[PDB]
Every structure is written in structure tokens, then in C-alpha cells.
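Notes follow once the structure below has been shown.
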Protein chains: 2
Amino acid sequence: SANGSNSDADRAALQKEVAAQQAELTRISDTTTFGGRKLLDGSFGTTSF
Amino acid sequence: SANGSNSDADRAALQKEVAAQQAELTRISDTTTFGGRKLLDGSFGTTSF
């Protein structure tokens, strides 16, 4: 996204690419329901095995 | 019932399991009627053979 410093006008597409990946860091953040009480997103309560 | 510390939500089932076993410690406590004056539950009067 240096873009050839200003030469890739289609950074816009890259921005969309970025947005997609950003959404992934929500999906992976969710979806890990080992227990219906999933691992690492939001609030996990520091459990004690 | 550590539950993987919080991961077994179905401790609830374990709780039921526990309750059942707790009830056993009443049934065995009763049901030992050697004499109609059973052994060990409630009040046995410290007899002298």
C-alpha cells in the first residue's frame, strides 16, 4: 500500500482486501466454541485446570 | 467437576449424578434392618453383646 507511493490508485481494492482480512480477525475470534464458552474473544475468565 | 475449570457446562448432569449418590447414602443408611431396629442411621443406642 505504498502503492508505488501514489501509483496504485487501486489501493481502494487493497482497502477492501484489508477490510476482508479485518473481518477474519473477528471470525477466528469467534467460532472457537470449545464449550459454548469459546476461547479467546470478548471475555474469557482465566480458568484453572 | 473442575469441568476443565469451566468447560464442562454439563456439570449440571454431574450435579444430578451427585444428587443420586447423595440419595444412596440415605438408602444404605436405611434398609439395614437387622431387627427392625436397623444398624447405623438416625439413632442406634450403643448396644452391649
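The distance from the alpha carbon centre of segment A:1-43 to that of segment B:18-49 is 66 Å, rounded to a whole number.
Taking the C-alpha atoms only, the angle from helix B:11-27 to the longest principal axis of chain B is near 0 degrees. Counting only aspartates and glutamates at least 8 places from residue A:16 when in the same chain, those with an alpha carbon closer than 15 Å to its own are A:8, A:24.
With only Cα atoms counted, chain A has Rg and Dmax values of 17.5, 54 Å. Mean residue ellipticity, 222 nm, helices only, chain B: the sum of -39500 (n - 2.57) across DSSP H runs of n ≥ 4, divided by residue count and rounded to 500, is -11500 deg cm²/dmol. Considering every alpha-carbon pair of the protein assembly as shown, the percent of pairs per 5 Å bin, from zero through the bin containing the longest distance, is 3, 9, 10, 9, 7, 7, 7, 7, 6, 6, 5, 4, 4, 3, 2, 2, 2, 2, 2, 1, 0, 0.
Rule-based calculations on the coordinates, nothing more; no lab input.
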